[PDB]
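Tertiary structure, described
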Amino acid sequence: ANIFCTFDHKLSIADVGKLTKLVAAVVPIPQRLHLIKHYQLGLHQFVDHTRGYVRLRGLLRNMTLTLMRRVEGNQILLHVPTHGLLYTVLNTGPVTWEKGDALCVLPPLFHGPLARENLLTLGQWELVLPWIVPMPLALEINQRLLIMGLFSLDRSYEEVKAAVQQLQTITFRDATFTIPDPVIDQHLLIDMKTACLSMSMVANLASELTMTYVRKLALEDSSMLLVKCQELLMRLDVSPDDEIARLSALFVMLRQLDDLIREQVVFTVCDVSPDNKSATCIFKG
Amino acid sequence: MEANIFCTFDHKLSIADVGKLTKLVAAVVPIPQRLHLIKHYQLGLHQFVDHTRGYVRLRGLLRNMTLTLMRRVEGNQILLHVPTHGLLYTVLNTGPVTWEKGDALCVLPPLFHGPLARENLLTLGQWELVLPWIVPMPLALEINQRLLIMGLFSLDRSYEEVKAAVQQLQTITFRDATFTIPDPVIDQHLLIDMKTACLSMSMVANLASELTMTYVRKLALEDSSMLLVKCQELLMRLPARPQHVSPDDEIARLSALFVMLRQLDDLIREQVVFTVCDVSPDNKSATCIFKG
Amino acid sequence: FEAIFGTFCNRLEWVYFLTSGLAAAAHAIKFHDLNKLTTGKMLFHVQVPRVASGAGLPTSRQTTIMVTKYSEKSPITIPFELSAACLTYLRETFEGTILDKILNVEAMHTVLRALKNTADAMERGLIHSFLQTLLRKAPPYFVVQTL
Amino acid sequence: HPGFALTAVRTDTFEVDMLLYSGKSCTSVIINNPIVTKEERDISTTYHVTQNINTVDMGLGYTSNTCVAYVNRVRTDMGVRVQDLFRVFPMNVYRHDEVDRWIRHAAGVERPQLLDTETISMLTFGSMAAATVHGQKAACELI
Amino acid sequence: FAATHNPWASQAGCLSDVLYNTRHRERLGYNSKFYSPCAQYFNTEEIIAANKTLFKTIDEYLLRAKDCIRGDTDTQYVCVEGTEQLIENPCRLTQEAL
Amino acid sequence: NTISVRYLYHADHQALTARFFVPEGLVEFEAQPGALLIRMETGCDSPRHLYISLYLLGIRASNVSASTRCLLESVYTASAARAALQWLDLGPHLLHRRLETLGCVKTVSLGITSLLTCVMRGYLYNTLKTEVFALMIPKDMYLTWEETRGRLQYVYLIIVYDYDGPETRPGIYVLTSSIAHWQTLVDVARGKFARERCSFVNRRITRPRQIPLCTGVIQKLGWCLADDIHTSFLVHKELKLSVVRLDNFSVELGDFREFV
Amino acid sequence: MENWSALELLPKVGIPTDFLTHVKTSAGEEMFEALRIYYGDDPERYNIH
Amino acid sequence: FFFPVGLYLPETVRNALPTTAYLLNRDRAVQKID
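Residues numbered from 1 in each chain as written, not as in the entry; some residues may be left out. Chains lettered and ligands numbered in written order. Part of a larger assembly, values for the part shown. Heavy atoms only, no water.

Looking at the entry header, you'll see cryo-EM listed as the method and 3.9 Å as the resolution.

If you look chain E up in the PDB entry, it shows as Major capsid protein from Human cytomegalovirus. The title field of the PDB entry reads "An atomic structure of the human cytomegalovirus (HCMV) capsid with its securing layer of pp150 tegument protein".

The PDB entry lists chain D under the name Major capsid protein, with Human cytomegalovirus given as the organism.

**What to know about the overall build of chain D**
Check the secondary structure of chain D and you find three helices and seven strands. Listing every helix and strand of chain D by position from the N terminus yields β-β-β-β-β-β-α-α-α-β. Taking all 143 residues of chain D together, 39% fall into the buried category. For chain D, the exposed surface amounts to about 8500 Å²; the carbon and sulfur share of it is 55%. (Helix = DSSP H or I, 4+ residues; strand = E, 2+ residues; numbered from the N terminus. Buried < 20%, exposed > 50% of the residue type's maximum accessible area, 1.4 Å probe, protein only. Areas by Shrake-Rupley, 256 points an atom, 1.4 Å probe, with all protein chains shown as cover.)

**A few points about the sheet that holds strand 14 (residues 241-246) of chain F**
All names here are of chain F. The antiparallel open sheet is built from three strands, whose spatial order is 7-14-13. Two strands bound the open sheet, and with one partner strand each, they are strand 7 (135-138) and strand 13 (232-234). Averaged over all pairs of adjacent strands, the angle between their axes in this sheet comes to 55°, without regard to strand direction. When strand 13 meets strand 14, the two strands line up antiparallel, connected through three bridges. Pairing of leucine 234 across the sheet is with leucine 241, part of strand 14. (Pairing = 2+ DSSP bridges. Axes fitted to C-alpha atoms, helices over the stretch in contact; angles between N-to-C directions.)

**Side note on unusual backbone geometry**
Backbone torsion omega between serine 46 of chain F and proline 47 of chain F reads -5°, so that peptide bond is classified as cis. Following the sequence through the fold, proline 47 of chain F ends up in the loop between strand 2 (36-41) and strand 3 (49-53). Even without being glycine, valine 54 of chain A reaches a positive phi, approximately 90°. Topologically, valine 54 of chain A is positioned in the loop between strand 3 (35-37) and helix 2 (55-60). The backbone of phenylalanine 29 of chain F shows a phi angle near 65°, a positive value even though the residue is not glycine. Along the chain, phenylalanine 29 of chain F falls in the loop between strand 1 (17-23) and strand 2. Since its relative accessible area comes to 9%, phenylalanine 29 of chain F is described here as buried.

**Points about the packing of aromatic side chains**
Applying the stated criterion across every chain yields a total of 15 aromatic pairs over all chains. Ring geometry for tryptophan 14 of chain C versus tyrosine 16 of chain C: centroids 5.9 Å apart, planes at 45°, classification tilted. Among the residues examined, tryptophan 14 of chain C registers a relative accessible area of 37% and is labelled partly exposed. We note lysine 137 of chain D situated over the ring of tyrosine 35 of chain E; from NZ or CZ to the ring centre the distance is 4.4 Å. Across the ring face of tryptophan 182 of chain F, the terminal group of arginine 257 of chain F is positioned such that the distance to the ring centre comes to 5.8 Å. (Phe/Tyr/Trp six-rings, centres within 6.5 Å; stacked < 30°, edge-to-face > 60°. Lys NZ or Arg CZ within 6 Å of the ring centre and 35° of its normal.)

**Examining the side chain of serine 114 of chain F**
Among the structural elements, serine 114 of chain F can be located in strand 5 (residues 113-119). Once residues within four sequence positions are removed from consideration, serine 114 of chain F is found in contact with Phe20, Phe21, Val22, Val27 and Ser109 of chain F. (Contact = heavy atoms within 4.5 Å.)

**A short note on the interface of chain D and chain A**
The interface is formed by 11 residues belonging to chain D together with 16 residues belonging to chain A. Overall, the association of chain D and chain A removes approximately 1100 Å² of surface from exposure, summing both partners, and the carbon and sulfur fraction of that is 61%. Counting every contact that joins chain D to chain A gives one salt bridge. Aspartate 241 of chain A is paired through a salt bridge with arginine 111 of chain D; the nearest N and O atoms lie 3.1 Å apart. Linking chain D to chain A there are four residue pairs in polar contact. (Buried area = accessible area lost by both parts, 1.4 Å probe. Salt bridge = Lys/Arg side-chain N within 4 Å of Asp/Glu carboxyl O. Polar contact = N/O pair within 3.5 Å; in protein donor to acceptor, adjacent residues only side chain to side chain.)

**A look at empty space enclosed by the protein**
By volume, the largest cavity is sized at about 140 Å³. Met201 and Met253 of chain A, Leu227 and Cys231 of chain B together with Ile120 of chain D are the residues nearest the centre of the largest cavity, which is lined by 13 residues in total. Counting residues per element, the ones that place at least two in the lining of the largest cavity are helix 5 (190-219) and helix 7 (240-261) of chain A, helix 9 (226-235) of chain B together with helix 3 (117-124) of chain D. Across the lining of the largest cavity, the residue classes break down as 10 nonpolar, one polar and two charged. As a volume, the second largest cavity reaches approximately 120 Å³. Every residue lining the second largest cavity is counted, 13 residues in all, and those nearest its centre are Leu209, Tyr213 and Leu250 of chain A together with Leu152 and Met201 of chain B. (1 Å grid on protein atoms, 1.4 Å probe; cavity = no way out; pocket = protein on both sides within 12 Å on 5 of 7 lines; lining within 4 Å. Points joined across faces, edges and corners; volume = space filled by probe spheres on them. Nonpolar A, V, L, I, M, F, W, Y, C, P; charged D, E, K, R; others polar.)

**Considerations on the sheet that holds strand 6 (residues 88-92) of chain B**
Strands in a sheet are paired, the pairing made by backbone hydrogen bonds, and the direction either parallel or antiparallel. Residues and elements named next belong to chain B. As summarised here, the arrangement of the five strands in space is 6-12-11-7-8, forming an open sheet in which the pairing is antiparallel. Two strands in the sheet have a free side with no partner beyond their single neighbour: strand 6 and strand 8 (133-136). Each adjacent strand pair in this sheet contributes to an overall mean axis angle of 45°, direction not counted. The sheet contact formed by strand 7 (residues 104-108) and strand 11 (residues 274-279) spans two bridges and is antiparallel. Opposite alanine 104, over in strand 11, you have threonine 275 as the bridge partner. Packing of helix 3 (residues 137-153) onto the sheet brings it into contact with strand 7 and strand 8, and relative to strand 8 it is tilted by some 100°.

Below, the structure is given as structure tokens:
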């Protein structure tokens, strides 16, 4: 089993000399196929000048990852890893690695070239390789971005602008990052506008409805660990069809946000090549 | 561990009795024991048959059963194969639901479609072969949302009020297909799920940031949209907003809340088993990366 | 015996990639293994017809126009199966009984047919893949009449 | 008759059997020896026969041509019915209650729908695998 | 010969731009279950997304117009969005045929 | 005859070994192959990572017997644990992020810098398939929610977080069980840790500051037969200690799953 | 001709190619013919069984 | 496909203004729309 690509565009030797440096890469493929166009390669087919982040990962979640192997005349010899076997995956480069790190895929967010970014353009077309990042950096950058979708609604406060100035600088082993602002041109992204409502809606409905369901379980007794919780539910203080539809309006907002939460690992770091030019990893997913 | 399972029959096969099983080749078959030579009495979900007529209890007892793909009808034996983690094998459709490329699949207990094809496809002196459905993930979890909203809805209502929402709740619709769902109503397992559910709803209500819970009201005057008009009706019961708080606290106030967002949604969540790739044109067979 | 009934199962109809009239478009070349053939390029030497009637007009070219083209490899893979429980009769070379002999030749025909149902039947996908690439080579006619 | 005009666009999925044509020697192909993948034994020992075939276009020009030809059978019903905007936009309602219920009495719509996951999901995911619902298609009116 | 016909469709900000167009449909609740044939004709996205493929593929055919005997050494092969456009041929131009 | 490839290779190795250099102050007891490796996320730049044995976690664990803690207190008095208590003990009810399981040792070289092989997947065993090394759980740490032996029990490493006293003293729970469904494993965890599930509410009743987190974390480690289960005895540096052995233990390191 | 003969697949299974001719001799021909028709290998001679 | 309905017709019996339209189906029965 090997997956092939074809370049209908002519390949200048200067571009294939950068392409040979990609002995391996975590190239997404939307649909597994015996043969596929280069237009299907990368996240560039999903590129949007509007939605930005979140939609890039909600479409990336279904992508079939595949490593690069070898290159021939106007064609790529991609090879799909088997689960559990070791593979010499290339890094996307933002973060230096050390032994034992977890890894997971994230949408690209360039801040100039990354440590491993030889640009390759074939007439308007461009290849945006997905991030391979340690898991704690992914959960933290997701928290910073959802927090950016909260505070961006009211930019004007100097304490808030200093707040965004403080949270913008994530750090790691000799890292010096600066978080991109999703909310370009003042107006909120539609993805930030939806992801924030996905949590804030439950933040209101759970606060209003939590009493009625703990109520019937309060008179019942067992370990009675639940009965005490309502005393702190009271600290921050009637229709039938409204009670019906409202719960259906609850989980529909809760559920798509779970993709923003859970993030299955795809690789794990072991031995590290010098200057982090490559790293062996155990494929997963 | 074992790479394969075998079985033994009592009542003898005929032409149709072996042909219906050859029709089921390369299809999901749960087992509960994983012995090298399981008896047919232990085969299938029929061993969990319940005169009380439950459903969620069949699902929780189904949660621990091992899945094993069918293959090769040598005759007078099932010859099951044990799936390997991380690879792929072809899988026939069983549940009356259309499939699409790349969707997640999960195991769910069967329920009658309505017209009821009632094709047992196998029977003996009483024993039958009830194969659990393989269904797309959003359909697999939305029925859990129906059973859970059915549990919270049951409290403190008249029987006409108890069944008023049920006319919409038990008649789920998906991809033109429609399904009526018999329900346990109260089977303890729904209640213990309700206890961790409301316990999650309490902390999700309580871990929310003072600005995060207010964010809809901060957006309410900011914008005007019909989804926000639908947003607006739920929150209100019958304009000012505040802003404070140091920036650092949000990295904590949000972080632990993510665990509750899992713990609340975990009960409607189900473990994935299949990921379709090469859909068959005839809408029958479907190879799937990853297994149980 | 209380009753009798007939039975039958046909062999699949034969098709060959070369016997087909589509093969005239093909110029197939058997080869050991696409391993050393790493380069996708393939050179050609195009001669150019000339009209010498012009007294003052000499062709600039010697009519030896090299032309490079590009190869396109394509996998040809199908699932296949056989019964090892029936294969053991091949493994053990029985000879002791006429019904054992019928069981042996049954095992031989059922396994040889099991390979025959995939071997030359793969040429259905070879003709299919050849259409997959020949259709890629073909522009729509609406482009061509304006071309 | 009001002051309105109502054009109605209608997608139709015709099925086509295209013509094909090619040159003589045209493309040349090269076939690999059939290497077989001996998958791990498990009584029912499946094997994966495999091959690779290369192709090159020997013809300097477009030796092949292709064009639409003949309809075998339309799969579209070729029916006509108005789009159900009450179902296309479930969330919308008149701000008045009795007025909206009186409108539902004439439209034939039951009651306004509960929130659907397709609404919140397509709110962030702009549709193009969603292009092929494979459902019935019908006229879409335009003022 | 007329500069325009319907103000309520061709003009920016018309009811069609706030109806079938995706950029304003997102303000409303909507479902993908009911495909709208005309929704492609009011998008600011799909129209430009198809037209850019058309204007680029046409020049890509013109690069292949001459025979190799007279043009520069080059392959001659179908352009991308060539065979793929066949399903949407009336609408790849957004000409609304027939 | 010719091209007898079978003669060329001596044995295959499905195990995914990795070579990790270790400080000499931690090699004690770790010299036995059956022990977990767990990278620690030190906040200091030099070094940001620090491998630790699972036994090193027991000097601070609450559920382990205090008499065993009196023995472990005399063991690790070196460059390792004196810094480990300086760092991981400082962590506010955070270990699943600080810690990272990395399988178990295959072999341990000596010297001032004790490099050691450690499989991250598959069986761990001596070279040439001779001796079969076995995993060694600390005695008191092992437990089973079902006293009946199962046909095949996966092992898990829960990390309980108590919130009673002002200074958290998290417990550590290796446990084998035939359960293989995380949706039910959290359910059997619901009623057993009633004091811990009460403790997660018990911080909100007192201290809104500092977010409470998990009552535990669950991740796959590997499967083992009930006959493979053992409770034997171990010696290193004369300080004898019985241990819960596991024989033919395949390694399958799943990711941590936080939950309340 | 054929992309590959059925004989070529046999060594990949490890089954000798001469072994089938050994079956052709062991069958005695008289049984091999009637079973070759019963299995459908020779449609021109086919008769219902 | 696309089709008008209800159009006024720019230029003693007077014209009757359209209010309905008819089409054709796969059955070839006269389709109705109004």
